[PDB]
Amino acid sequence: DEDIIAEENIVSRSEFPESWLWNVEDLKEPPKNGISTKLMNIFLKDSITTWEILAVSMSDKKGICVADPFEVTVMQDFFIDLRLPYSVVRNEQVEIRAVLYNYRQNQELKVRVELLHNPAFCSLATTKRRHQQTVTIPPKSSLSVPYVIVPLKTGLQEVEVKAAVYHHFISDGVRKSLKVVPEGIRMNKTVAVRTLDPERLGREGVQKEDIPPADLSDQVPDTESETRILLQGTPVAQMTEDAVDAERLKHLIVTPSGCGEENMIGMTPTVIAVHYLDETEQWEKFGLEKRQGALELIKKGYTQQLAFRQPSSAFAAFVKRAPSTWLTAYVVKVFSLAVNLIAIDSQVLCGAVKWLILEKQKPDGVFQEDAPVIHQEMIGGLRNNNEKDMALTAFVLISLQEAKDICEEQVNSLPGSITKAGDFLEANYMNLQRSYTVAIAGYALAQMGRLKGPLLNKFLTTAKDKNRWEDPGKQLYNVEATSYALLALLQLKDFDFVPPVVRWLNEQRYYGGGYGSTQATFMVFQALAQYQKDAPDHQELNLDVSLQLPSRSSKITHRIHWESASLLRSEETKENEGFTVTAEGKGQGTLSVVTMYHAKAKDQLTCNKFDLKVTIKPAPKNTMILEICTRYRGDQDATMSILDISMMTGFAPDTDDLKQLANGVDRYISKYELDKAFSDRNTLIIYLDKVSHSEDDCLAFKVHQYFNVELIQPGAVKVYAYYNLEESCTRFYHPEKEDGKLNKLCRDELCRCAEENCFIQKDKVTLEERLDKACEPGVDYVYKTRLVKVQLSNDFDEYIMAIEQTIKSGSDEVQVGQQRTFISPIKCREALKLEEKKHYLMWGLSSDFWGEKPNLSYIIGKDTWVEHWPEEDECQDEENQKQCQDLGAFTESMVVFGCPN
Amino acid sequence: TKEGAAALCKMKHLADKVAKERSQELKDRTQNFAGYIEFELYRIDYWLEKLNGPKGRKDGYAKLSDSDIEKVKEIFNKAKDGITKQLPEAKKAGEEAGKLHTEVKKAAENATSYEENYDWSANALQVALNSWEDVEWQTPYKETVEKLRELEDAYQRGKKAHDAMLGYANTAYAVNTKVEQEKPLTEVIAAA
Amino acid sequence: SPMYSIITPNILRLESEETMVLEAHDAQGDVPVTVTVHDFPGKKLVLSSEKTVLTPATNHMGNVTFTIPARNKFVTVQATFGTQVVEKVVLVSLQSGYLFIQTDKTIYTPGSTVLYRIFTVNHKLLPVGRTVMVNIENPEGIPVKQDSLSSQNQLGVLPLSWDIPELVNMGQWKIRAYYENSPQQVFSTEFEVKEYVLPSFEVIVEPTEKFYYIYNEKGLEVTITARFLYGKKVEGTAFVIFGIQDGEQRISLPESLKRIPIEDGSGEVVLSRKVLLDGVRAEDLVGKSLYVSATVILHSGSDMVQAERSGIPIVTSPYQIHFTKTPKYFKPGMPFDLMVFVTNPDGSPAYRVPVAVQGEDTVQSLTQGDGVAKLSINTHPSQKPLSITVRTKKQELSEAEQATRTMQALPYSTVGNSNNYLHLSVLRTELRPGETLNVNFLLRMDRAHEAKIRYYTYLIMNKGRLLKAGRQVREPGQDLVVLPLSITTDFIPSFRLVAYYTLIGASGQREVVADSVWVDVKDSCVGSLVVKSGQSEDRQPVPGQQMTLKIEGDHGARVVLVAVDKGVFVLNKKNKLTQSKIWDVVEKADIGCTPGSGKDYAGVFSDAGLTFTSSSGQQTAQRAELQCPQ
């Protein structure tokens, strides 16, 4: 190592962010020529790529402005593009690429590439031995440096590689993070799905649902299992609401022109129609401009009616004729609705109500009529003289109620009059017989809210046919009774009986308009408008769900209600247990609890798209013969495929074989690949037009050796379709190893690397060296015992060492008599010159324990020391005297005193 | 036996109904007599003032005969004098009923059957229901019936006062809309 | 006989500045004017009210500014002129502004945090602060994160961050943002959550011809350019496969699969006509969309990048003719101008393609940079509908591949058969801010009342709000007059110029004739934002090297910067923010529904987006649809 930068001095590049420069700045510098210039200092990321920067400005006068993207290029003379997979299956050998790119004109670089030691990966590199290679990169060229790594534990592991240039001060280090995932599969199961809906099939209290832990039969040990609970709402709203065509009621507009009675007859349909369209907002299809004309006509009719105002604030068709109580009641009722439409005078309404109260008041709650109206059809439902004291007083009370809100401070006697009228109404309510009279009385008494108990039962039972209020008379009477009943039910907030009456009223096909139809049209339109205004679709959700989880001490409370967009709720829990959910409130909801985790890898986890045959044999330069090919399991020949072969270090392909195979049909080799071997040919690519899915008609070729390196990296083979890389099949081969798989000692899912020397070292060894090597920090237990029995297993040799006598006991306080298990490779037996039925002194580390407390199976690694003890009768030999004396002195020294450390 | 549980549930429901429905309703119906007697007295006074007042043209009363005016004034004054004496009886009764209702509400707050809802009666059934049921929470139930009967008597006093007031109240309103039309002295005095 | 008239926007907006125009024909002396606004459902709430005075010094022209304090909402605006009250009903739109969502990266991986920004603007693109609700929805449509933010002193910029859970399904995620006052309108952006590894180079496929002629025996030539993300070229092997697509068809061609050695980042492939015919009649391929999928593998075999271009049209003509920017009505006895738009088969503008008409072939106008050409033809005073055909006259091209388009032009429905016509003409080009447009007004009417017209009232419409209003003076004997209208930054992207004049006819009837024209201006940002490298003499920076960035923009402007790796755009690039998209969105929000005049004055006013109400009875048809008729 001359003129070579030390590995310590080399700094590795780790920061590889996919996006940065997430800063906010304001342009406040002194502008020049209407332009403000701002200078910023930034640090370029270590990643070698093209950075695109987009700037968006928002000025207080110009607005949003997007500038053209700016491209920044980061360049280096020589660099490395370390390619790793996003995730690597645990306990599965994987291959990664370290491609070195050089862009010099006519300079050839002799580079040294090294991989740092990572405890989480079982690579060829060791603490004492460094896995490094030497390569030659010609000018303007890229050279691949594949590396094989076997992941051990899951998590965000890091892989670091370095490259150094000979005779130059150039060095590049690349460190990249990869997420090692435990072997398995992304599988999810539906833990449970239930419906949360109280007040149906529930209980007097609150529904409770207990969700037990999921199965998780194939759950990988020590893997997170996140449980997601989703609460979903179903705000169904469809009751078949039906309106009335606005274009078919155009005949309802009438110009108000008459001597009081006729003027009101004309005006009432217009005002009620205007109110109906205003409530339903049907002016879009009825004519927006016509509303102005309707309002003009309404105000003209109102002024005309005022023209006949009596001195005492009363209303009559003729000034000379005495006023009529029913006529003024209808007057005030009509004016009450039109308060919001036109600029009505509150003084007139107050005077009218005061006159009505003061004329005859309610000494007992009875209204008397003295001046019958000239038009006998105006009364309509009041034509019958049967219990007229009920219908008349109820109608007058309703009229007062409509106008109560406007004129309330001027007259304070309205509440008392209302109470007296009520008391009279309920005084003899049992005597009502006619359906119309009962309906009007119920509607009048419903506004106050004191028509309950037997009154409500009587009102409901009066409904003939369960869906109509019919009497033996004209259709006008039935329509008025139905409107009264609909209004009463709407005021009572009894929605379970509204849809039928509304449906029948819609189906009645009655629009009115003409002679003796003002009352029916007015009432039906008012009832329809009231229903449209007050008809909430469904019961607003009020769910209050409490989730109790044993892991979480505090319950999780969630509220789901309408008009808040909260019908969709999600919760997550890191622990899966037998939790509970308690519902509450009014509404409908559904819970879905689903658990996500990592299932067991099973045995089907393979390539699943190709069956790969790879073999290596010796020659009949070693010049081995290597065979690689694949078979398709499908029903038809696959498309073009690519085979990538990474040869072991020091091995190259045969140029003659490649040249001979190039002319073969159905097979092509790139020209650049053919002319090679100037520096190395580790990576080879073959393009196959098709692969037979029925027979294995493939080839084999010779591979030569040019450089001899100990611990040759196992060769790798990959095959993948040109149109899909996920369906790539990989294999490993090695002349010595059975299938090119790195040796490791594993129990259950816990595996540890085994690519290490069988022992520290073996001669000039003396007592001082033995003492120095026997006093390491890891030296905990030293045993001198006779190895007799040895067992063979399918993975590694097992030796049953019987405790003849204990010299020093470490963490494990084992007495004399028990037997221990030592797991070592069969090959290491010759390295340690172990012999059956012979005495040996061994001591190892404290972290080498394999198994549970009861099962302390030991592992003989590169740190465990084992030495041969000559037999009692074998020390007599002259050459063994020194060794026996040294062993005895070492044993006596440690036993009496022991290693200071 | 389940009969005891049903009776207990019925008694609880009746007590709740009395506490939340009858108690509140009863008080609101006792303070209205005072507001009606004064209102009718004011209306009678206004009617008397309008008769032969600073101006005329008061519908038919303007042309009313001189002799009939004296009788109308006399009867109006008699009715006004008669109706005044009833005010204190209702005024005291209102406050008494309010205080008793407050006490009963406080006492109530201190403390199978569904098919029987047809009874719809919670007037004096608590004590009798407890009587059949017998054949810490029991002690307050004893005075509830007594308080309810006292409230009923207090309300009956005001009801009787209001009913008596009607005798003098109705006569003035009659002669009003009798003379209000074209009715001469004859019928008027004949009925008076 | 004074006549009072009012001009109002067709659609009003809440808490948005609005202007109303008041005018009076044949008025003497000063007159006070009062303006009142009422809410249609109640007609009592007073949203706003203002009054002013009109004087003869301004030729009885007034502008009044009103703003709404803030099931289609409607309002009623009433103007009282002292002796005449004119009330008009106007629809009100609930839209308050625009929301733009900017994402740091187009594609995200599990665990990585997602940082985004929300920009709130008004209909004038100015910064406006308001409460905005934001939701994050997974591909299946289950909102996971919901927030309700507000901006007061942030100049409309709201940054937000979200944490992606470790276990998340792969697919297309969405981020939606909407103003609280307008829950029915939502702006949504879509990004990808898919496992991926950043590549090392970008591959592009470029067809030699943007189209593929049916009779081209040579075939279709496609060049594959693979280049490293840092600029250096790429050498490897590229597999290219062609296919047909009628939308959701994706019919691949197994016989078209080809492999080429990409040397120095260059590779050419040819698709023969015979192969295309065998894959599927020659004339039956019209309308089929060709697509090519190319996969490039490096000689090292360590990285693979897939690039494909889909949607190459197959047409018999290299150019297409459209009349989308041409009025559908003509004035008899007046010259008729067709703004013929020539476009490439893909959709891009043409390249100086001559256009001519079958009749009066002497006219030969070459398309400009915008691809729009003016075709002027003399029209007879006849009243029957006109039929006009447009072809292509490209040189060195046979008649088989020439384009074709026939259209019908209806007569202008004159009111009362008074044969009064007003024509507005403007030269067409890519206008820039600060340029002056010499508009030409021409009048055609009977000589009996040619001395009565004295001025034309003109208005400018842009982004709904009335940009400007004024008068152009006219004198007897001047049939043609020139208006040098000024264009400034307040314009862009497009605006409508309307001009009208009113007169009393033979029967003493108030008749108003109006004409509207469409003016197209080059699309550009209101301000001027530029980002570059501060250093003026330096080599390509090495990793981790300090650099200076120079940003030029308007003073007191909130500037937000973001850096995205180029390799990210290689995989997915559909989600991108640019001024062109903003301008397109703004144009799509225009209330106009015709690129020119209509049937009558009321139709012209309705199309232009303005309601013109007179005191004599003239009025425009009410509009109750937010979107234009389809």
# chains A, B, ... in the order shown; residues from 1 in each chain; ligands from 1
>>> interface_residues(of="chain C", to="chain A", cutoff="7 Å", atoms="only C-alpha atoms", output="PyMOL selection string")
chain C and resi 41+104-105+125-127+144+197+229-230+300-302+525-527+529-532+540-566+578-579+624
>>> write_last_selection(atoms="N, CA and C atoms", output="tab-separated table (two decimals), in the first residue's frame")
chain	number	residue	atom	x	y	z
C	41	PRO	N	-84.54	35.20	-1.99
C	41	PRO	CA	-85.52	34.49	-1.15
C	41	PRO	C	-86.28	35.40	-0.20
C	104	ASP	N	-44.23	17.67	-3.05
C	104	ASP	CA	-42.77	17.64	-3.16
C	104	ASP	C	-42.31	16.61	-4.18
C	105	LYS	N	-42.92	15.43	-4.17
C	105	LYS	CA	-42.57	14.36	-5.09
C	105	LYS	C	-43.83	13.76	-5.69
C	125	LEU	N	-56.54	35.87	-9.19
C	125	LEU	CA	-55.24	35.25	-8.93
C	125	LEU	C	-54.47	35.96	-7.82
C	126	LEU	N	-55.08	36.94	-7.15
C	126	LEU	CA	-54.41	37.61	-6.05
C	126	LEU	C	-54.42	36.73	-4.80
C	127	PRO	N	-53.46	36.92	-3.89
C	127	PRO	CA	-53.43	36.10	-2.67
C	127	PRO	C	-54.57	36.48	-1.73
C	144	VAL	N	-58.19	9.31	5.22
C	144	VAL	CA	-57.41	8.92	6.40
C	144	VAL	C	-57.11	10.12	7.29
C	197	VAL	N	-37.54	1.71	-7.28
C	197	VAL	CA	-36.13	2.03	-7.06
C	197	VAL	C	-35.72	3.05	-8.11
C	229	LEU	N	-29.08	10.11	-16.45
C	229	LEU	CA	-29.78	11.24	-15.84
C	229	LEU	C	-28.89	12.47	-15.72
C	230	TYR	N	-27.57	12.30	-15.74
C	230	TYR	CA	-26.65	13.42	-15.64
C	230	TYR	C	-26.18	13.93	-17.00
C	300	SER	N	-24.13	-3.78	-18.60
C	300	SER	CA	-23.75	-4.32	-17.30
C	300	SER	C	-24.85	-5.19	-16.71
C	301	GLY	N	-26.10	-4.95	-17.10
C	301	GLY	CA	-27.20	-5.75	-16.59
C	301	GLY	C	-27.57	-5.47	-15.15
C	302	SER	N	-27.25	-4.28	-14.64
C	302	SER	CA	-27.53	-3.93	-13.25
C	302	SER	C	-28.77	-3.07	-13.09
C	525	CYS	N	-47.17	34.67	-17.41
C	525	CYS	CA	-47.37	34.96	-16.00
C	525	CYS	C	-47.56	36.45	-15.78
C	526	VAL	N	-48.36	36.79	-14.76
C	526	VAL	CA	-48.60	38.19	-14.44
C	526	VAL	C	-47.30	38.88	-14.06
C	527	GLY	N	-46.50	38.23	-13.22
C	527	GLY	CA	-45.21	38.76	-12.80
C	527	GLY	C	-44.08	38.26	-13.66
C	529	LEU	N	-40.85	35.69	-12.65
C	529	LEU	CA	-40.05	34.91	-11.72
C	529	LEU	C	-39.01	34.12	-12.49
C	530	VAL	N	-37.74	34.29	-12.12
C	530	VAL	CA	-36.63	33.61	-12.77
C	530	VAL	C	-35.69	33.07	-11.70
C	531	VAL	N	-35.23	31.84	-11.90
C	531	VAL	CA	-34.28	31.20	-11.00
C	531	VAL	C	-33.10	30.70	-11.83
C	532	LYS	N	-31.89	31.01	-11.39
C	532	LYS	CA	-30.69	30.60	-12.10
C	532	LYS	C	-29.54	30.48	-11.12
C	540	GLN	N	-19.08	22.36	-13.68
C	540	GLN	CA	-20.15	21.59	-13.06
C	540	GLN	C	-19.79	21.31	-11.60
C	541	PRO	N	-20.65	21.66	-10.64
C	541	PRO	CA	-20.27	21.49	-9.23
C	541	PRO	C	-20.03	20.03	-8.88
C	542	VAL	N	-19.06	19.81	-7.99
C	542	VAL	CA	-18.76	18.48	-7.48
C	542	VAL	C	-19.70	18.20	-6.31
C	543	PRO	N	-19.85	16.95	-5.87
C	543	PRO	CA	-20.77	16.66	-4.77
C	543	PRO	C	-20.43	17.46	-3.52
C	544	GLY	N	-21.47	17.94	-2.85
C	544	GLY	CA	-21.28	18.69	-1.62
C	544	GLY	C	-20.47	19.96	-1.79
C	545	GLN	N	-20.76	20.73	-2.83
C	545	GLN	CA	-20.06	21.98	-3.11
C	545	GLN	C	-21.04	23.14	-2.99
C	546	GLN	N	-20.62	24.19	-2.29
C	546	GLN	CA	-21.46	25.36	-2.11
C	546	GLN	C	-21.73	26.04	-3.45
C	547	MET	N	-22.96	26.53	-3.62
C	547	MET	CA	-23.36	27.22	-4.83
C	547	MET	C	-24.30	28.36	-4.46
C	548	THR	N	-24.36	29.36	-5.34
C	548	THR	CA	-25.21	30.53	-5.16
C	548	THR	C	-26.35	30.48	-6.16
C	549	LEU	N	-27.58	30.66	-5.67
C	549	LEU	CA	-28.78	30.65	-6.49
C	549	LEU	C	-29.36	32.06	-6.54
C	550	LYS	N	-29.57	32.57	-7.75
C	550	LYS	CA	-30.12	33.90	-7.96
C	550	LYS	C	-31.58	33.78	-8.35
C	551	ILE	N	-32.45	34.46	-7.60
C	551	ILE	CA	-33.88	34.47	-7.84
C	551	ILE	C	-34.32	35.91	-8.07
C	552	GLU	N	-34.98	36.16	-9.20
C	552	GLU	CA	-35.50	37.47	-9.55
C	552	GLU	C	-37.02	37.41	-9.60
C	553	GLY	N	-37.66	38.32	-8.87
C	553	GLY	CA	-39.11	38.35	-8.81
C	553	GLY	C	-39.60	39.68	-8.29
C	554	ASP	N	-40.92	39.82	-8.25
C	554	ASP	CA	-41.53	41.05	-7.78
C	554	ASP	C	-41.23	41.27	-6.30
C	555	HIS	N	-41.09	42.54	-5.93
C	555	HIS	CA	-40.81	42.89	-4.54
C	555	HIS	C	-41.97	42.47	-3.64
C	556	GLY	N	-41.63	42.01	-2.44
C	556	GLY	CA	-42.66	41.60	-1.49
C	556	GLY	C	-43.48	40.42	-1.97
C	557	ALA	N	-42.83	39.42	-2.57
C	557	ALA	CA	-43.50	38.24	-3.08
C	557	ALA	C	-43.05	37.01	-2.30
C	558	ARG	N	-44.01	36.18	-1.92
C	558	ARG	CA	-43.72	34.95	-1.18
C	558	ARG	C	-43.23	33.89	-2.17
C	559	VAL	N	-41.96	33.52	-2.06
C	559	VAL	CA	-41.33	32.57	-2.97
C	559	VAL	C	-41.07	31.28	-2.20
C	560	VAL	N	-41.51	30.16	-2.76
C	560	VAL	CA	-41.30	28.83	-2.18
C	560	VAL	C	-40.50	28.00	-3.17
C	561	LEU	N	-39.45	27.35	-2.68
C	561	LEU	CA	-38.57	26.55	-3.51
C	561	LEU	C	-38.70	25.08	-3.14
C	562	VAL	N	-38.48	24.22	-4.13
C	562	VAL	CA	-38.54	22.77	-3.94
C	562	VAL	C	-37.59	22.12	-4.93
C	563	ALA	N	-36.85	21.11	-4.46
C	563	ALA	CA	-35.90	20.37	-5.28
C	563	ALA	C	-36.37	18.93	-5.42
C	564	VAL	N	-36.50	18.47	-6.67
C	564	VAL	CA	-36.96	17.12	-6.97
C	564	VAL	C	-35.95	16.48	-7.91
C	565	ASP	N	-35.53	15.26	-7.58
C	565	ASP	CA	-34.57	14.55	-8.42
C	565	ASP	C	-35.19	14.25	-9.78
C	566	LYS	N	-34.36	14.32	-10.83
C	566	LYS	CA	-34.85	14.07	-12.18
C	566	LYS	C	-35.36	12.63	-12.32
C	578	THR	N	-47.73	23.95	-13.41
C	578	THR	CA	-47.14	24.91	-14.33
C	578	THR	C	-48.14	26.02	-14.60
C	579	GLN	N	-47.63	27.15	-15.08
C	579	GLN	CA	-48.49	28.30	-15.36
C	579	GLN	C	-49.51	27.97	-16.44
C	624	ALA	N	-79.69	30.53	-15.55
C	624	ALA	CA	-79.80	29.78	-14.31
C	624	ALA	C	-78.89	28.55	-14.31
>>> residues_around(residues="residue 90 in chain B", least_positions_apart="6", cutoff="10 Å", atoms="only C-alpha atoms", output="list in words")
residues 30, 31, 32, 33, 34, 35, 37, 96, 154, 155, 157, 158, 159, 160, 161 and 162 of chain B
>>> residues_around(residues="residue 849 in chain A", least_positions_apart="3", cutoff="8 Å", atoms="only C-alpha atoms", output="JSON, numbers by chain")
{"A": [846, 856, 857, 858, 859]}
>>> write_last_selection(atoms="N, CA and C atoms", output="CSV table (one decimal), in the first residue's frame")
chain,number,residue,atom,x,y,z
A,846,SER,N,-18.3,-16.2,25.9
A,846,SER,CA,-19.6,-16.2,26.7
A,846,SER,C,-20.8,-16.0,25.8
A,856,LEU,N,-27.5,-25.5,26.4
A,856,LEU,CA,-26.4,-24.5,26.2
A,856,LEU,C,-25.5,-25.1,25.1
A,857,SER,N,-26.0,-25.6,24.0
A,857,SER,CA,-25.1,-26.1,23.0
A,857,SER,C,-24.1,-25.1,22.5
A,858,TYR,N,-22.8,-25.5,22.5
A,858,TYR,CA,-21.7,-24.6,22.2
A,858,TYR,C,-21.4,-24.6,20.7
A,859,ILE,N,-20.7,-23.6,20.2
A,859,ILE,CA,-20.2,-23.5,18.8
A,859,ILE,C,-18.7,-23.2,18.9
>>> residues_around(residues="residue 53 in chain C", least_positions_apart="6", cutoff="9 Å", atoms="only C-alpha atoms", output="mmCIF file with N, CA and C atoms, in the first residue's frame")
data_model
loop_
_atom_site.group_PDB
_atom_site.id
_atom_site.type_symbol
_atom_site.label_atom_id
_atom_site.label_comp_id
_atom_site.auth_asym_id
_atom_site.auth_seq_id
_atom_site.Cartn_x
_atom_site.Cartn_y
_atom_site.Cartn_z
ATOM 1 N N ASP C 30 -77.542 67.113 -14.704
ATOM 2 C CA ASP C 30 -77.091 66.102 -13.761
ATOM 3 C C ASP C 30 -78.279 65.329 -13.200
ATOM 4 N N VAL C 31 -78.044 64.058 -12.883
ATOM 5 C CA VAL C 31 -79.097 63.201 -12.337
ATOM 6 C C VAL C 31 -78.528 62.325 -11.225
ATOM 7 N N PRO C 32 -79.151 62.274 -10.049
ATOM 8 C CA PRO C 32 -78.704 61.329 -9.021
ATOM 9 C C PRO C 32 -79.192 59.914 -9.286
ATOM 10 N N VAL C 33 -78.375 58.955 -8.858
ATOM 11 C CA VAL C 33 -78.628 57.536 -9.066
ATOM 12 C C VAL C 33 -78.390 56.796 -7.759
ATOM 13 N N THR C 34 -79.338 55.939 -7.384
ATOM 14 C CA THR C 34 -79.227 55.105 -6.195
ATOM 15 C C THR C 34 -79.268 53.639 -6.600
ATOM 16 N N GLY C 62 -71.497 56.132 -15.805
ATOM 17 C CA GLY C 62 -71.125 55.984 -14.411
ATOM 18 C C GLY C 62 -70.766 54.549 -14.096
#
>>> select_by_dssp(residues="range 306-540 of chain C", states="helix (DSSP H, G or I)", output="ChimeraX atom specification")
/C:415-417,447-449
>>> residues_around(residues="residue 369 in chain C", least_positions_apart="2", cutoff="12 Å", atoms="only C-alpha atoms", output="list in words")
residues 341, 342, 343, 348, 349, 350, 351, 352, 353, 366, 367, 371, 372, 373, 428, 429, 430, 431 and 522 of chain C
>>> write_last_selection(atoms="N, CA, C and O atoms", output="compact mmCIF listing (two decimals), in the first residue's frame")
# COMPACT_ATOMS: atom_id res chain seq x y z
N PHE C 341 -58.66 27.51 -37.37
CA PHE C 341 -57.57 26.98 -36.56
C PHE C 341 -57.06 25.69 -37.20
O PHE C 341 -57.82 24.74 -37.37
N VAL C 342 -55.78 25.67 -37.55
CA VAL C 342 -55.15 24.51 -38.16
C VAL C 342 -54.28 23.83 -37.11
O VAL C 342 -53.44 24.48 -36.49
N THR C 343 -54.50 22.53 -36.92
CA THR C 343 -53.84 21.79 -35.85
C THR C 343 -53.22 20.51 -36.39
O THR C 343 -53.66 19.96 -37.40
N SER C 348 -51.38 19.71 -31.41
CA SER C 348 -50.59 20.92 -31.37
C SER C 348 -50.90 21.81 -32.57
O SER C 348 -51.43 21.34 -33.58
N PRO C 349 -50.59 23.10 -32.49
CA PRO C 349 -50.86 24.00 -33.62
C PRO C 349 -50.10 23.57 -34.86
O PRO C 349 -49.20 22.73 -34.83
N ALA C 350 -50.48 24.18 -35.98
CA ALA C 350 -49.87 23.86 -37.27
C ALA C 350 -48.58 24.65 -37.45
O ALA C 350 -48.13 25.39 -36.57
N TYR C 351 -47.95 24.48 -38.62
CA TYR C 351 -46.69 25.13 -38.96
C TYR C 351 -46.85 25.78 -40.33
O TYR C 351 -46.50 25.19 -41.35
N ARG C 352 -47.36 27.01 -40.35
CA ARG C 352 -47.52 27.80 -41.57
C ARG C 352 -48.15 26.97 -42.68
O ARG C 352 -47.55 26.70 -43.73
N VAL C 353 -49.39 26.55 -42.44
CA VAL C 353 -50.16 25.74 -43.39
C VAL C 353 -51.13 26.68 -44.10
O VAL C 353 -52.04 27.22 -43.45
N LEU C 366 -51.58 32.57 -44.75
CA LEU C 366 -50.79 31.56 -44.07
C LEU C 366 -51.01 31.66 -42.56
O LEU C 366 -51.10 32.75 -42.01
N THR C 367 -51.09 30.50 -41.91
CA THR C 367 -51.29 30.47 -40.47
C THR C 367 -50.09 31.08 -39.75
O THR C 367 -48.95 30.92 -40.18
N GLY C 371 -51.24 29.34 -35.05
CA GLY C 371 -51.97 28.37 -35.84
C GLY C 371 -53.36 28.79 -36.26
O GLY C 371 -54.13 27.95 -36.73
N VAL C 372 -53.70 30.07 -36.10
CA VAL C 372 -55.02 30.59 -36.46
C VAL C 372 -54.85 31.56 -37.62
O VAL C 372 -53.99 32.44 -37.58
N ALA C 373 -55.67 31.38 -38.65
CA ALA C 373 -55.61 32.19 -39.86
C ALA C 373 -56.94 32.90 -40.08
O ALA C 373 -58.01 32.37 -39.74
N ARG C 428 -55.42 39.58 -35.97
CA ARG C 428 -55.14 38.43 -35.12
C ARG C 428 -53.65 38.14 -35.11
O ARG C 428 -53.01 38.08 -36.16
N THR C 429 -53.10 37.96 -33.91
CA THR C 429 -51.70 37.62 -33.72
C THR C 429 -51.50 37.30 -32.25
O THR C 429 -52.42 37.44 -31.43
N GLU C 430 -50.29 36.86 -31.91
CA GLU C 430 -49.94 36.55 -30.52
C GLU C 430 -49.64 37.87 -29.81
O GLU C 430 -48.50 38.33 -29.77
N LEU C 431 -50.68 38.48 -29.25
CA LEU C 431 -50.52 39.76 -28.58
C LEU C 431 -49.70 39.60 -27.31
O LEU C 431 -49.75 38.56 -26.64
N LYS C 522 -51.20 36.28 -25.86
CA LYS C 522 -50.23 35.27 -25.46
C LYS C 522 -50.34 35.00 -23.96
O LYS C 522 -50.43 35.92 -23.15
>>> closest_residue(among="A:447, A:386, A:818, A:93", to="residue 488 in chain A", atoms="only C-alpha atoms")
A:447
>>> residues_around(residues="range 490-495 of chain C", least_positions_apart="5", cutoff="6 Å", atoms="only C-alpha atoms", output="list in words")
residues 461, 462, 519, 520, 521 and 523 of chain C
>>> write_last_selection(atoms="N, CA and C atoms", output="short mmCIF file (atom, residue, chain, number, x, y, z; two decimals), in the first residue's frame")
data_model
loop_
_atom_site.label_atom_id
_atom_site.label_comp_id
_atom_site.auth_asym_id
_atom_site.auth_seq_id
_atom_site.Cartn_x
_atom_site.Cartn_y
_atom_site.Cartn_z
N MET C 461 -64.53 42.54 -21.15
CA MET C 461 -64.83 41.48 -20.19
C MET C 461 -63.62 40.57 -20.06
N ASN C 462 -63.22 40.29 -18.82
CA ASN C 462 -62.08 39.42 -18.56
C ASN C 462 -62.24 38.82 -17.17
N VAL C 519 -60.70 38.30 -28.62
CA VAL C 519 -59.30 38.67 -28.77
C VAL C 519 -58.46 37.69 -27.96
N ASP C 520 -57.45 37.11 -28.60
CA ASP C 520 -56.56 36.15 -27.96
C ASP C 520 -55.21 36.80 -27.73
N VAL C 521 -54.69 36.66 -26.51
CA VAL C 521 -53.40 37.23 -26.13
C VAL C 521 -52.50 36.10 -25.65
N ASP C 523 -50.32 33.71 -23.60
CA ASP C 523 -50.43 33.31 -22.21
C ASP C 523 -49.07 33.47 -21.53
#
